[PDB]
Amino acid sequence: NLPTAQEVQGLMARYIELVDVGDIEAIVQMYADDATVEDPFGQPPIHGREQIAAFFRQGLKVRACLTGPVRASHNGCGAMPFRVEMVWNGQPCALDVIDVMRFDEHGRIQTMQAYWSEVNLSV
């Protein structure tokens, strides 16, 4: 069902867990089959599980952690602050990001928008 505010917090926390361990197949399945992703927000979106899996394979030695609680509304929406730690070409770097996600009537991510730019990069 349309996740309740409580379910949304649980789903988004799980989501970061998956990104942290790097289980691409499990992340991909959290999305609706025709979901769209805008990462970073401002860039043309990617649509569908095929393109999203390609996107995550390309991007995911990386760890991610929630850096604050998940903010959830009552209409299947949620927003969360987190950090991504990587090593960009030998050089390690961190990126602070905020994801906004809208879930569907099946508990799947219909749309995701990621807010960040170079000002949130610490390389």
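Don't overthink the numbering: it's just position in the shown sequence, from 1.
Student: Classify the number of deposited-sequence residues missing from the model between residue 86 and residue 87: none, 1 to 3, 4 to 9, or 10 or more.
Tutor: Unmodelled stretch: none, continuous chain.
Student: Read off the CA B-factors in the entry, average them over 64 to 72 and over 37 to 45, and name the higher stretch.
Tutor: Per the PDB entry, the higher value belongs to 37 to 45.
Student: Is the mean CA B factor in the deposited entry higher across 51 to 59 or across 75 to 83?
Tutor: Higher mean C-alpha B-factor: 51 to 59.
Student: Looking at 25, 20, 105, 99, which has the highest CA B-factor as recorded?
Tutor: Of the candidates given, the C-alpha B-factor peaks at 105.
Student: Would the CA B-factor of residue 32 place it in the lowest, middle or highest third of its chain?
Tutor: It falls in the bottom third of the chain.
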